[PDB]
Amino acid sequence: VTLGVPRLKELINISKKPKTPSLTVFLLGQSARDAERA
Amino acid sequence: XXXXXXXXXXXXXXXXXXXXXXXXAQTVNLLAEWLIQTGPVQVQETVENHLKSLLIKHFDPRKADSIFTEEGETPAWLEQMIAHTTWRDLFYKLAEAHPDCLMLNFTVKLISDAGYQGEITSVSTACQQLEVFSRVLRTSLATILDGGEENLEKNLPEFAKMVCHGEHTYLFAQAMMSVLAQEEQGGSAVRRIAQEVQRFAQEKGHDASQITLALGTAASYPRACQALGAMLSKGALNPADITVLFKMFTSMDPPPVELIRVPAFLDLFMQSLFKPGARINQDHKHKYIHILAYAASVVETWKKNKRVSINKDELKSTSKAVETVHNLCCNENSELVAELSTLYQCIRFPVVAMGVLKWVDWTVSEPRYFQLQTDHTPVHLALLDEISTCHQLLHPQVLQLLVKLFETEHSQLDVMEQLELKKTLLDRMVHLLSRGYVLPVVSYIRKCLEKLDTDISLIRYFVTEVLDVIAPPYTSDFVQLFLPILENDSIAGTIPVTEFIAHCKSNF
Amino acid sequence: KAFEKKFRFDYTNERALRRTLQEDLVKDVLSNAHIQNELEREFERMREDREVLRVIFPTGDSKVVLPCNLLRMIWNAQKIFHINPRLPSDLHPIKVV
Amino acid sequence: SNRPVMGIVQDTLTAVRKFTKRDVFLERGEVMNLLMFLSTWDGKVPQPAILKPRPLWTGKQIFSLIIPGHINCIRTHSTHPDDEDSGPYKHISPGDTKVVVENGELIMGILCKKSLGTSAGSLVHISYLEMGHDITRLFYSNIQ
Amino acid sequence: XXXXXXXXXXXXXXXXXXXXXXXXXXXXXXXXXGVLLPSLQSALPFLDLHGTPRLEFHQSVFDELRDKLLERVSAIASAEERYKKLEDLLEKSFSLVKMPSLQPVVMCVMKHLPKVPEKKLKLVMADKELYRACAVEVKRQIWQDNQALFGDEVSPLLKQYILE
Amino acid sequence: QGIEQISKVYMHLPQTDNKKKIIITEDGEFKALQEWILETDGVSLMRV
Amino acid sequence: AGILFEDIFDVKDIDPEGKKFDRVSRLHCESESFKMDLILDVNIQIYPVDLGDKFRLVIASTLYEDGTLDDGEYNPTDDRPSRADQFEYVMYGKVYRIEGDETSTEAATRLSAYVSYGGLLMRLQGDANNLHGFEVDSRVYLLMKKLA
Amino acid sequence: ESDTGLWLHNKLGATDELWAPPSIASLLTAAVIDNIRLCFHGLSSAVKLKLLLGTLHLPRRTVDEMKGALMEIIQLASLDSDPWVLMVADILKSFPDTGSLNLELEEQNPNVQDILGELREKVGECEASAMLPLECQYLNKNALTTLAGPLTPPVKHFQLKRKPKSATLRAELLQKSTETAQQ
């Protein structure tokens with residue numbers, strides 16, 4: 001998880017390759033409450 | 001009363017006006033029957049509710065007293081409004097809104113004299129007269145005797161709140177308990193319900209130690225009674241009173257064991273001794289252990305006035321067990337698994353098992369404990385398993401600790417670490433289910449399924465662990481309590497279970 | 001129910017009104033149907049504002065950044081004009097609206 | 001960040017925490033010496049918090065003389081217990097850890113960087129928002 | 001001045017209380033006039049002890065039984081069973097044309113799928129004579145029956161021409 | 001199995017209410033539901 | 001004249017939570033005649049109070065017996081007679097909070113007056129009949145004298 | 001006290017609170033009960049109940065030194081019209097003689113007598129699992145059998161096909177303890 005000055009730099013210029021690209025996936029239905037379906 | 005106004009006039013102008021006003025019901029009946037055809041009970045219930053709101057809304061401070069100035073026999077609005085199940089609710093609400101009313105208290109006494117209680121309303125209606133409170137209290141402990149342990153756990157809050165509304169109410173309740181507890185049969189139930197009422201009064205901030213020392217025939221010896229009263233009132237174990245009781249109990253003539261077997265004193269002793277952050281001095285440590293061994297070891301034969309036999313053979317073994325476990329509790333740091341077999345033989349005594357249970361509660365409920373545990377299952381959970389194995393009376397305490405740990409959110413652990421911790425606690429729950437304490441555990445899993453936001457994978461793991469150890473036949477209650485969690489559309493599809501659902505379909 | 005209890009004016013409880021307002025204001029609030037209708041309209045607009053707020057802030061985070069600190073200004077008005085909280089006030093709620 | 005950038009700094013902050021404790025008592029000569037350094041003083045020596053057996057002012061009275069105008073501020077000392085605001089003695093603080101300023105005077109409370117620092121809602125922030133910049137400059141100088 | 005059974009009972013009471021003494025007769029008429037399950041007589045002295053309003057109670061129960069469940073009337077109006085219930089309610093409320101029939105007219109308007117022209121002609125005549133509040137159903141019946149809706153549209157056409 | 005340029009996926013329950021599922025209950029109260037979320041290494045929105 | 005409160009209190013506890021100011025101790029006192037709880041901070045360094053001490057507590061709007069107004073300004077050369085000559089612990093402060101058990105419909109039966117004596121706080125809980133003399137943000141004088 | 005009745009009304013006449021305050025030990029000195037042995041008639045009902053229940057919280061030496069005045073309080077409380085005061089006097093009339101409250105309530109107040117009889121017949125006739133008291137959890141098996149009787153076995157709900165994994169865990173940690181014991 002990039003934070004602070006390097007993450008700020010990667011946001012101020014439009015970096016095509018960020019250091020730590022990530023997705024925050026949210027689940028629907030029973031899978032959000034079931035660990036096995038998750 | 002328009003006819004009365006007509007007869008009391010026949011100025012004429014106001015009389016004629018009132019007459020025309022009265023001459024200005026059946027349309028309401030036509031609307032009611034049209035609605036009954038279009039719809040029955042709901043229409044009349046709503047009409048009676050609107051009538052009750054209109055009767056309640058304005059006031060009634062003294063008019064009922066004015067009509068009761070002639071002593072108010074008047075069965076016309078008494079018998080018509082005494083047994084329709086809704087007007088007595090209005091009278092309870094009016095008595096709650098306006099206390100110390102003579103006519104309202106008369107109507108409360110009338111509705112109590114017909115045996116038509118069933119509303120608590122502990123502020124005004126329940127505790128105003130001796131008769132009404134006596135009858136509602138009799139109904140209350142009749143219900144708590146008929147229901148059982150489930151009704152105990154579901155009904156001591158409101159009932160113990162109603163009987164602890166005043167010190168006089170608590171005194172009357174404890175008087176009835178003390179009278180009923182000396183019966184040859186069924187006195188243990190009365191002593192139990194009195195003990196939960198007493199502990200509710202203790203946790204409500206009111207001192208109830210004086211009542212339970214005076215009414216429980218423990219005032220035969222004033223010195224020991226005073227020492228025990230100071231013990232229970234101060235809420236801590238003092239050296240002076242334990243030395244007094246130890247020197248009295250080692251004398252040639254032993255006192256009765258009843259006052260030393262008070263559960264409040266024994267619980268406070270558990271607080272004093274088995275707390276991890278407790279350093280009992282050695283000059284009174286053996287006195288403490290001997291007091292506990294005498295309180296939980298002696299076998300006393302009683303024939304209606306006195307005793308002739310007291311056994312102290314188990315006292316030595318009990319004192320050795322409590323001394324070893326107290327040494328373990330003062331040891332803290334490993335050195336627990338090194339001689340754990342001896343710990344399990346000391347857990348074979350029930351008082352030592354409850355002490356170990358309280359010590360496990362204090363050791364485990366302390367934060368940053370599982371964060372410092374490296375093994376997959378903690379050793380204290382295995383101590384809980386052995387406690388459940390050796391004794392069945394401690395099963396509600398085990399389940400209480402287990403649900404306390406299961407509901408606890410450990411933000412200092414990883415999410416998978418939290419999940420496997422919940423799985424470990426649930427394995428202890430499965431062991432408790434396998435050791436005969438079945439129905440409350442399945443009830444708790446039912447509570448966790450729909451009205452709690454616990455993980456569905458945990459419920460599935462519980463079902464998998466239970467169905468891998470249980471075999472047919474099954475009773476009706478267990479099937480009725482375990483089938484809905486296996487048909488919840490978040491369990492059955494993912495989760496053998498086919499044999500269980502086939503047996504439940506074929507048999508129930 | 002808490003929002004209803006805290007923000008809807010109760011022009012029905014006469015003794016509560018007399019404990020909070022002066023006599024002529026209580027008589028005007030009880031008698032006038034137009035005043036009661038406009039107080040109800042004020043509460044309805046507050047309910048619509050509540051729905052707009054819960055659209056704007058899906059998380060229940062009420063700490064916002066706004067120009068005039070209204071609570072401190074009300075406290076300043078209480079201290080400047082020597083407002084006694086134990087006494088009924090002479091402020092008509094329709095004047096507030 | 002809609003907050004002051006200038007607060008009360010090391011020596012002044014450490015001493016004003018020690019100045020506004022409950023046990024701080026000043027004799028007449030010390031009070032008259034301290035009033036020489038108030039630029040905004042109106043020339044009236046206030047009535048002491050203790051008249052008998054000795055005429056004895058507290059530090060809260062002197063800082064109340066420092067506090068400009070009639071600003072109203074509620075703050076919280078750093079050592080304030082979390083259960084104090086919920087249990088008894090919430091409006092009469094045993095540890096003097098709830099700062100209350102009413103009508104520009106310090107009713108109780110020990111001042112720190114939570115009340116005199118750069119944080120938003122502090123006493124200097126309320127002083128700037130209510131009294132302007134010149135009065136707040138005088139406030140800073142008089143505190144120091 | 002709604003007649004019907006209630007109007008007949010009022011006329012009978014007026015004929016009975018037409019002088020000739022009979023002080024007990026007035027009391028009997030007042031007691032006979034209390035809807036069902038006579039606990040209202042039990043509730044009577046609770047209300048008699050502070051300057052008894054009976055008109056207030058009667059208007060309150062009429063207002064609640066109309067306004068609170070006119071929504072229920074619309075819900076049962078909102079297929080065959082609901083239409084039959086609306087027709088039965090309209091047949092019951094047709095006798096109260098002179099009586100105030102805001103709710104009685106709304107009950108027929110909600111279930112206005114069946115026209116029922118045998119009573120519909122009398123209803124249209126009464127609406128034309130008394131300017132009834134049936135807007136949609138009344139306008140549809142006027143358009144389907146005769147040229148009264150034609151005259152109403154001719155007046156709006158003349159108004160539109162004047163506006164143009 | 002899976003999607004290209006999605007190397008490692010972690011699952012965790014959120015602690016702060018920024019990522020918790022906030023709902024308005026039947027009595028108009030905000031409730032924070034703790035639900036599972038997935039955090040990946042590597043990105044592809046449109047397939048995920 | 002000018003007296004807002006008049007009672008005699010017995011010291012029950014001195015700093016039950018702990019001695020957390022070296023010169024000021026919190027006294028928890030109860031009236032001998034009324035349901036009137038008193039919490040009071042005093043400077044024990046100049047006015048030592050022991051547990052179980054009995055004192056007469058007077059809350060006055062002014063020190064002068066003729067009831068004239070006090071400017072709140074220190075005048076050590078004032079030659080007028082004052083109530084302070086009959087007491088040995090005199091404090092000056094303003095009441096900052098008055099709360100009670102009033103409801104929306106009912107008035108308050110048990111009042112509670114909060115007075116700050118330059119940071120030395122005092123709370124006076126009791127029945128509302130004895131505490132009608134307190135009005136918020138008014139300057140009062142505390143007058144104390146130990147009895148036997 | 002010049003007016004002891006007003007003093008007791010101030011201290012204990014709060015009808016909103018019904019338990020005895022913890023300060024009743026200091027409130028109930030010898031001189032004040034010497035006064036209320038004369039001014040008991042003019043007291044209200046709530047302060048009467050508060051006084052009669054605060055007599056219990058007094059220490060034993062105070063009860064023993066001045067027992068005759070307490071006897072007069074109880075016998076004066078046995079003449080009042082309040083059923084609560086009458087009941088409390090009937091149960092406290094054996095208190096400052098041996099130290100225990102009265103329990104032989106078999107010759108007064110017939111209503112509670114018939115209620116007690118019709119409920120004690122159900123207590124004697126009906127009992128399910130005996131509702132073992134909190135003291136019995138600490139007791140051993142022999143003490144429980146001599147006190148409450150033989151323990152009722154738990155009801156069977158299913159046939160255990162095999163012991164669960166907790167038994168295996170217990171066995172393997174005893175195996176670990178077996179190695180660590182000889183260390």
# chains A, B, ... in the order shown; residues from 1 in each chain; ligands from 1
>>> residues_around(residues="residue C:55", least_positions_apart="5", cutoff="12 Å", atoms="only C-alpha atoms", output="list in words")
residues 48, 49, 50 and 60 of chain C; 23 and 24 of chain F
>>> write_last_selection(atoms="C-alpha atoms", output="compact mmCIF listing (two decimals), in the first residue's frame")
# COMPACT_ATOMS: atom_id res chain seq x y z
CA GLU C 48 -37.44 16.15 3.49
CA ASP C 49 -34.14 17.79 4.45
CA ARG C 50 -33.34 14.69 6.51
CA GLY C 60 -23.85 8.66 9.25
CA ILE F 23 -27.62 0.83 5.92
CA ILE F 24 -30.63 2.72 7.22
>>> interface_residues(of="chain F", to="chain A", cutoff="7 Å", atoms="only C-alpha atoms", output="number ranges by chain")
F: 35-43
>>> write_last_selection(atoms="C-alpha atoms", output="short mmCIF file (atom, residue, chain, number, x, y, z; two decimals), in the first residue's frame")
data_model
loop_
_atom_site.label_atom_id
_atom_site.label_comp_id
_atom_site.auth_asym_id
_atom_site.auth_seq_id
_atom_site.Cartn_x
_atom_site.Cartn_y
_atom_site.Cartn_z
CA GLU F 35 -19.32 -7.67 5.34
CA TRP F 36 -16.48 -9.32 3.44
CA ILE F 37 -14.52 -7.20 0.98
CA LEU F 38 -11.71 -8.27 -1.35
CA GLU F 39 -8.52 -6.30 -1.94
CA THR F 40 -6.45 -7.37 -4.94
CA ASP F 41 -2.93 -6.86 -6.22
CA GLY F 42 -3.09 -5.74 -9.80
CA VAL F 43 -6.07 -4.11 -11.44
#
>>> residues_around(residues="stretch 3-8 of chain C", least_positions_apart="4", cutoff="12 Å", atoms="only C-alpha atoms", output="number ranges by chain")
C: 12, 36-47, 49-51, 93; F: 27-29
>>> residues_around(residues="stretch 26-28 of chain G", least_positions_apart="5", cutoff="8 Å", atoms="only C-alpha atoms", output="VMD selection string")
(chain D and resid 94) or (chain G and resid 11 to 15 37 to 42)
>>> atom_distance(atom1="atom CA of residue H:140", atom2="atom CA of residue B:298")
8.9 Å
>>> residues_around(residues="residue H:180", least_positions_apart="2", cutoff="12 Å", atoms="only C-alpha atoms", output="list in words")
residues 334, 335, 336, 337, 338, 339, 340 and 341 of chain B; 173, 174, 175, 176, 177, 178, 182 and 183 of chain H
>>> write_last_selection(atoms="C-alpha atoms", output="PDB file, in the first residue's frame")
ATOM      1  CA  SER B 334       4.758 -21.863  30.415  1.00  0.00           C
ATOM      2  CA  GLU B 335       4.786 -24.203  33.456  1.00  0.00           C
ATOM      3  CA  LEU B 336       1.055 -24.897  33.062  1.00  0.00           C
ATOM      4  CA  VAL B 337       1.215 -27.825  30.616  1.00  0.00           C
ATOM      5  CA  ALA B 338       4.176 -29.276  32.547  1.00  0.00           C
ATOM      6  CA  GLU B 339       1.922 -30.844  35.210  1.00  0.00           C
ATOM      7  CA  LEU B 340      -1.507 -30.341  33.625  1.00  0.00           C
ATOM      8  CA  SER B 341      -2.702 -33.855  34.531  1.00  0.00           C
TER       9      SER B 341
ATOM     10  CA  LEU H 173      -2.517 -32.642  25.303  1.00  0.00           C
ATOM     11  CA  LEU H 174      -2.354 -35.220  28.097  1.00  0.00           C
ATOM     12  CA  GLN H 175       0.204 -36.995  25.907  1.00  0.00           C
ATOM     13  CA  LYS H 176       2.169 -33.721  25.738  1.00  0.00           C
ATOM     14  CA  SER H 177       1.822 -33.326  29.516  1.00  0.00           C
ATOM     15  CA  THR H 178       3.076 -36.907  29.879  1.00  0.00           C
ATOM     16  CA  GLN H 182       9.344 -36.100  33.408  1.00  0.00           C
ATOM     17  CA  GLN H 183      11.165 -32.961  32.264  1.00  0.00           C
TER      18      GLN H 183
END
>>> residues_around(residues="residue E:92", least_positions_apart="2", cutoff="12 Å", atoms="only C-alpha atoms", output="PyMOL selection string")
(chain B and resi 27+30-31+33-35+37-38) or (chain E and resi 4-5+85-90+94-97+101+104-105+107-108+119)
>>> write_last_selection(atoms="N, CA and C atoms", output="PDB file, in the first residue's frame")
ATOM      1  N   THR B  27     -76.059   4.647  12.642  1.00  0.00           N
ATOM      2  CA  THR B  27     -75.234   4.767  11.443  1.00  0.00           C
ATOM      3  C   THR B  27     -73.844   4.184  11.666  1.00  0.00           C
ATOM      4  N   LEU B  30     -74.338   0.566  11.202  1.00  0.00           N
ATOM      5  CA  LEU B  30     -74.445   0.251   9.780  1.00  0.00           C
ATOM      6  C   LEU B  30     -73.075   0.251   9.110  1.00  0.00           C
ATOM      7  N   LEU B  31     -72.230   1.227   9.452  1.00  0.00           N
ATOM      8  CA  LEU B  31     -70.866   1.253   8.934  1.00  0.00           C
ATOM      9  C   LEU B  31     -70.071   0.046   9.417  1.00  0.00           C
ATOM     10  N   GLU B  33     -71.265  -2.989  10.262  1.00  0.00           N
ATOM     11  CA  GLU B  33     -71.675  -4.222   9.592  1.00  0.00           C
ATOM     12  C   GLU B  33     -71.316  -4.203   8.109  1.00  0.00           C
ATOM     13  N   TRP B  34     -71.311  -3.023   7.477  1.00  0.00           N
ATOM     14  CA  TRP B  34     -70.818  -2.918   6.106  1.00  0.00           C
ATOM     15  C   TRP B  34     -69.338  -3.269   6.030  1.00  0.00           C
ATOM     16  N   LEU B  35     -68.556  -2.818   7.013  1.00  0.00           N
ATOM     17  CA  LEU B  35     -67.138  -3.151   7.064  1.00  0.00           C
ATOM     18  C   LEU B  35     -66.912  -4.621   7.397  1.00  0.00           C
ATOM     19  N   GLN B  37     -68.971  -7.065   6.481  1.00  0.00           N
ATOM     20  CA  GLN B  37     -69.222  -7.724   5.201  1.00  0.00           C
ATOM     21  C   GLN B  37     -68.063  -7.515   4.232  1.00  0.00           C
ATOM     22  N   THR B  38     -67.505  -6.301   4.197  1.00  0.00           N
ATOM     23  CA  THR B  38     -66.393  -6.020   3.298  1.00  0.00           C
ATOM     24  C   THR B  38     -65.090  -6.629   3.799  1.00  0.00           C
TER      25      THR B  38
ATOM     26  N   UNK E   4     -84.365   7.551   5.279  1.00  0.00           N
ATOM     27  CA  UNK E   4     -84.042   6.141   5.456  1.00  0.00           C
ATOM     28  C   UNK E   4     -84.525   5.634   6.812  1.00  0.00           C
ATOM     29  N   UNK E   5     -83.861   4.600   7.319  1.00  0.00           N
ATOM     30  CA  UNK E   5     -84.209   4.011   8.608  1.00  0.00           C
ATOM     31  C   UNK E   5     -83.925   4.980   9.750  1.00  0.00           C
ATOM     32  N   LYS E  85     -68.097  -6.253  -3.545  1.00  0.00           N
ATOM     33  CA  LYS E  85     -68.136  -5.525  -2.280  1.00  0.00           C
ATOM     34  C   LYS E  85     -68.404  -4.040  -2.498  1.00  0.00           C
ATOM     35  N   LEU E  86     -67.802  -3.456  -3.538  1.00  0.00           N
ATOM     36  CA  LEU E  86     -68.066  -2.058  -3.866  1.00  0.00           C
ATOM     37  C   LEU E  86     -69.511  -1.850  -4.303  1.00  0.00           C
ATOM     38  N   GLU E  87     -70.065  -2.798  -5.066  1.00  0.00           N
ATOM     39  CA  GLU E  87     -71.466  -2.711  -5.466  1.00  0.00           C
ATOM     40  C   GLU E  87     -72.398  -2.815  -4.264  1.00  0.00           C
ATOM     41  N   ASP E  88     -72.088  -3.713  -3.324  1.00  0.00           N
ATOM     42  CA  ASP E  88     -72.891  -3.831  -2.109  1.00  0.00           C
ATOM     43  C   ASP E  88     -72.804  -2.569  -1.257  1.00  0.00           C
ATOM     44  N   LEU E  89     -71.607  -1.985  -1.150  1.00  0.00           N
ATOM     45  CA  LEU E  89     -71.445  -0.738  -0.408  1.00  0.00           C
ATOM     46  C   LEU E  89     -72.198   0.410  -1.072  1.00  0.00           C
ATOM     47  N   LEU E  90     -72.179   0.469  -2.407  1.00  0.00           N
ATOM     48  CA  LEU E  90     -72.923   1.501  -3.122  1.00  0.00           C
ATOM     49  C   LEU E  90     -74.427   1.322  -2.951  1.00  0.00           C
ATOM     50  N   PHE E  94     -76.649   4.178  -1.168  1.00  0.00           N
ATOM     51  CA  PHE E  94     -77.579   4.906  -2.029  1.00  0.00           C
ATOM     52  C   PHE E  94     -78.751   5.488  -1.247  1.00  0.00           C
ATOM     53  N   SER E  95     -79.133   4.856  -0.135  1.00  0.00           N
ATOM     54  CA  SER E  95     -80.211   5.379   0.696  1.00  0.00           C
ATOM     55  C   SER E  95     -79.821   6.637   1.459  1.00  0.00           C
ATOM     56  N   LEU E  96     -78.530   6.952   1.547  1.00  0.00           N
ATOM     57  CA  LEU E  96     -78.041   8.127   2.266  1.00  0.00           C
ATOM     58  C   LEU E  96     -77.650   9.259   1.324  1.00  0.00           C
ATOM     59  N   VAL E  97     -78.417   9.456   0.248  1.00  0.00           N
ATOM     60  CA  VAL E  97     -78.131  10.539  -0.690  1.00  0.00           C
ATOM     61  C   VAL E  97     -78.350  11.898  -0.034  1.00  0.00           C
ATOM     62  N   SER E 101     -72.659  12.226   2.280  1.00  0.00           N
ATOM     63  CA  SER E 101     -72.108  11.036   1.641  1.00  0.00           C
ATOM     64  C   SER E 101     -70.774  11.321   0.960  1.00  0.00           C
ATOM     65  N   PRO E 104     -69.510   7.913   1.722  1.00  0.00           N
ATOM     66  CA  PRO E 104     -70.422   7.033   0.971  1.00  0.00           C
ATOM     67  C   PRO E 104     -70.346   7.201  -0.536  1.00  0.00           C
ATOM     68  N   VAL E 105     -70.028   8.399  -1.020  1.00  0.00           N
ATOM     69  CA  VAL E 105     -69.834   8.596  -2.452  1.00  0.00           C
ATOM     70  C   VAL E 105     -68.451   8.137  -2.904  1.00  0.00           C
ATOM     71  N   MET E 107     -66.807   5.644  -1.605  1.00  0.00           N
ATOM     72  CA  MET E 107     -66.848   4.185  -1.636  1.00  0.00           C
ATOM     73  C   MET E 107     -67.432   3.669  -2.946  1.00  0.00           C
ATOM     74  N   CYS E 108     -68.464   4.339  -3.464  1.00  0.00           N
ATOM     75  CA  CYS E 108     -69.014   3.959  -4.760  1.00  0.00           C
ATOM     76  C   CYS E 108     -68.093   4.359  -5.906  1.00  0.00           C
ATOM     77  N   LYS E 119     -79.781   2.194 -10.779  1.00  0.00           N
ATOM     78  CA  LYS E 119     -79.549   3.238  -9.793  1.00  0.00           C
ATOM     79  C   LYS E 119     -78.666   4.356 -10.330  1.00  0.00           C
TER      80      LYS E 119
END
>>> residues_around(residues="residue B:328", least_positions_apart="3", cutoff="12 Å", atoms="only C-alpha atoms", output="ChimeraX atom specification")
/B:273-276,321-325,331-340,342-343,346,355-356,359-360
>>> write_last_selection(atoms="N, CA and C atoms", output="short mmCIF file (atom, residue, chain, number, x, y, z; two decimals), in the first residue's frame")
data_model
loop_
_atom_site.label_atom_id
_atom_site.label_comp_id
_atom_site.auth_asym_id
_atom_site.auth_seq_id
_atom_site.Cartn_x
_atom_site.Cartn_y
_atom_site.Cartn_z
N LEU B 273 -9.84 -15.10 45.54
CA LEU B 273 -8.78 -16.10 45.48
C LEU B 273 -8.31 -16.38 44.06
N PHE B 274 -9.24 -16.68 43.16
CA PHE B 274 -8.88 -17.15 41.82
C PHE B 274 -8.65 -16.02 40.83
N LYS B 275 -8.67 -14.77 41.28
CA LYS B 275 -8.28 -13.66 40.41
C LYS B 275 -6.79 -13.75 40.11
N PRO B 276 -6.37 -13.62 38.85
CA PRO B 276 -4.93 -13.63 38.55
C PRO B 276 -4.15 -12.50 39.19
N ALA B 321 -6.46 -29.84 46.61
CA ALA B 321 -6.79 -29.44 45.24
C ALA B 321 -6.86 -27.93 45.10
N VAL B 322 -7.53 -27.26 46.04
CA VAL B 322 -7.65 -25.80 45.97
C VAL B 322 -6.29 -25.14 46.17
N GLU B 323 -5.45 -25.71 47.04
CA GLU B 323 -4.11 -25.17 47.24
C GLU B 323 -3.26 -25.30 45.98
N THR B 324 -3.33 -26.45 45.30
CA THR B 324 -2.57 -26.63 44.07
C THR B 324 -3.05 -25.68 42.97
N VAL B 325 -4.37 -25.52 42.84
CA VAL B 325 -4.89 -24.64 41.80
C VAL B 325 -4.62 -23.18 42.13
N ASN B 331 1.09 -18.69 39.99
CA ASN B 331 2.28 -18.95 39.19
C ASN B 331 2.34 -18.06 37.95
N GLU B 332 1.19 -17.85 37.30
CA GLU B 332 1.07 -17.17 36.00
C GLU B 332 1.99 -17.80 34.96
N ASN B 333 3.17 -17.21 34.76
CA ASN B 333 4.13 -17.70 33.77
C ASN B 333 4.69 -19.07 34.13
N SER B 334 5.77 -20.82 30.48
CA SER B 334 4.76 -21.86 30.42
C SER B 334 4.39 -22.37 31.81
N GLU B 335 4.92 -23.55 32.15
CA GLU B 335 4.79 -24.20 33.46
C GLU B 335 3.35 -24.60 33.79
N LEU B 336 2.43 -24.46 32.83
CA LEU B 336 1.05 -24.90 33.06
C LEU B 336 0.83 -26.29 32.48
N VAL B 337 1.32 -26.52 31.26
CA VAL B 337 1.22 -27.83 30.62
C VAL B 337 2.19 -28.84 31.20
N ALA B 338 3.15 -28.39 32.01
CA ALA B 338 4.18 -29.28 32.55
C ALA B 338 3.59 -30.32 33.49
N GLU B 339 2.57 -29.94 34.27
CA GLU B 339 1.92 -30.84 35.21
C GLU B 339 0.41 -30.70 35.12
N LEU B 340 -0.10 -30.61 33.88
CA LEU B 340 -1.51 -30.34 33.62
C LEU B 340 -2.42 -31.49 34.04
N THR B 342 -2.31 -33.18 36.84
CA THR B 342 -2.71 -32.87 38.21
C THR B 342 -3.79 -31.80 38.23
N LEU B 343 -3.69 -30.81 37.34
CA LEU B 343 -4.74 -29.80 37.22
C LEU B 343 -6.07 -30.43 36.84
N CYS B 346 -7.56 -32.02 39.85
CA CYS B 346 -8.20 -31.05 40.74
C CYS B 346 -9.51 -30.51 40.16
N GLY B 355 -13.82 -22.46 40.29
CA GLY B 355 -12.68 -21.56 40.45
C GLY B 355 -11.81 -21.50 39.21
N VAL B 356 -11.55 -22.66 38.60
CA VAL B 356 -10.80 -22.71 37.35
C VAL B 356 -11.57 -22.01 36.24
N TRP B 359 -11.13 -18.32 36.74
CA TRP B 359 -9.77 -17.94 36.40
C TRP B 359 -9.56 -17.94 34.89
N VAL B 360 -10.15 -18.90 34.18
CA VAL B 360 -10.11 -18.92 32.72
C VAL B 360 -10.84 -17.71 32.15
#
>>> interface_residues(of="chain C", to="chain D", cutoff="9 Å", atoms="only C-alpha atoms", output="PyMOL selection string")
chain C and resi 72+75-76+79-80
>>> closest_atom_pairs(of="chain B", to="chain E", cutoff="7 Å", atoms="only C-alpha atoms", output="CSV")
residue,atom,partner,partner_atom,distance
B:3,CA,E:27,CA,5.1
B:7,CA,E:23,CA,7.0
B:25,CA,E:35,CA,5.4
B:26,CA,E:35,CA,6.3
B:28,CA,E:62,CA,6.8
B:29,CA,E:35,CA,6.1
B:34,CA,E:89,CA,6.9
B:38,CA,E:85,CA,5.9
B:63,CA,E:49,CA,6.2
B:76,CA,E:42,CA,6.4
B:77,CA,E:42,CA,4.1
B:80,CA,E:39,CA,5.8
B:81,CA,E:42,CA,6.7
>>> select_by_dssp(residues="stretch 31-98 of chain D", states="helix (DSSP H, G or I)", output="ChimeraX atom specification")
/D:31-37,59-66
>>> closest_atom_pairs(of="chain H", to="chain G", cutoff="10 Å", atoms="only C-alpha atoms", output="JSON lines")
{"residue": "H:1", "atom": "CA", "partner": "G:33", "partner_atom": "CA", "distance": 9.0}
{"residue": "H:4", "atom": "CA", "partner": "G:33", "partner_atom": "CA", "distance": 9.8}
{"residue": "H:6", "atom": "CA", "partner": "G:33", "partner_atom": "CA", "distance": 8.9}
{"residue": "H:7", "atom": "CA", "partner": "G:33", "partner_atom": "CA", "distance": 6.0}
{"residue": "H:8", "atom": "CA", "partner": "G:33", "partner_atom": "CA", "distance": 8.9}
{"residue": "H:9", "atom": "CA", "partner": "G:34", "partner_atom": "CA", "distance": 9.0}
{"residue": "H:10", "atom": "CA", "partner": "G:34", "partner_atom": "CA", "distance": 5.3}
{"residue": "H:11", "atom": "CA", "partner": "G:35", "partner_atom": "CA", "distance": 5.7}
{"residue": "H:12", "atom": "CA", "partner": "G:35", "partner_atom": "CA", "distance": 8.5}
{"residue": "H:13", "atom": "CA", "partner": "G:35", "partner_atom": "CA", "distance": 9.6}
{"residue": "H:14", "atom": "CA", "partner": "G:35", "partner_atom": "CA", "distance": 9.1}
{"residue": "H:27", "atom": "CA", "partner": "G:32", "partner_atom": "CA", "distance": 9.5}
